[PDB]
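To start, the structure under review is shown below, and the notes come after it.
Number of protein chains: 2
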Amino acid sequence: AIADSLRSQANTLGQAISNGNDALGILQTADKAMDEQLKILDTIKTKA
Amino acid sequence: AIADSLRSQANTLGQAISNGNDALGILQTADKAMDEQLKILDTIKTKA
C-alpha cells in the first residue's frame, strides 16, 4: 500500500514537472512578445 | 523598468537635440536676413 501511494505520487510529480514546463513556455512567449510593444511605444513617443 | 525609463529619456533627449538645432537654424536665418534690412535703413537715412 505504501509503495503504491509512493508510485502514484511519483508519477503525479513527474507530470507536474511537465505542467510547469508548459507554463514556463507560455510565460516566456508572452514576455518576449511584450518586448516589441515596449520598443514600439518608445518609437511613438520619440516621434511625438 | 528603470532601463526602459532611461532608454525612453535618452531617446527623447536625443530628439530634443535635433529640435534645438532646428530652432537654431530658424533663428540664424532670421537674424542674417535682418542684417540687410539694417543696411537698407542706413542707406535711406543717408539719402534723406
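Chains as they are written, first to last, in UniProt numbering: chain C, 49 to 96; chain H, 49 to 96.
Don't be surprised by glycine CBs; every beta carbon is placed ideally from N, CA and C.
Could you please give the first and the last residue of the uninterrupted alpha helix (DSSP H) stretch that includes residue i?
i, result
"residue 78 of chain H", "50 to 95"
Under 8 Å, do residue i and residue j count as touching if we go by C-beta distance?
i, j, result
"residue 97 of chain C", "residue 56 of chain H", "Missing from the structure shown is residue 97 of chain C; chain C here goes from 49 to 96 and no further."
"residue 69 of chain H", "residue 94 of chain C", "no"
Which residues in chain D sit within 8 Å of residue i, going by Cβ to Cβ distance?
i, result
"residue 93 of chain C", "Of the protein chains in this structure, namely C and H, none is chain D."
Roughly how many angstroms separate the alpha carbons of residue i and residue j, rounded to a whole number?
i, j, result
"residue 86 of chain C", "residue 80 of chain H", "44 Å"
"residue 61 of chain C", "residue 74 of chain C", "20 Å"
"residue 52 of chain H", "residue 88 of chain C", "12 Å"
"residue 49 of chain C", "residue 63 of chain C", "21 Å"
"residue 77 of chain C", "residue 54 of chain C", "35 Å"
"residue 72 of chain H", "residue 84 of chain C", "35 Å"
"residue 92 of chain C", "residue 82 of chain C", "15 Å"
"residue 96 of chain C", "residue 96 of chain H", "53 Å"
Exercise. Could you list the residues in the region 62 to 81 of chain H with a C-beta less than 9 Å from some C-beta on chain C, going in chain order?
Key: 62 and 63
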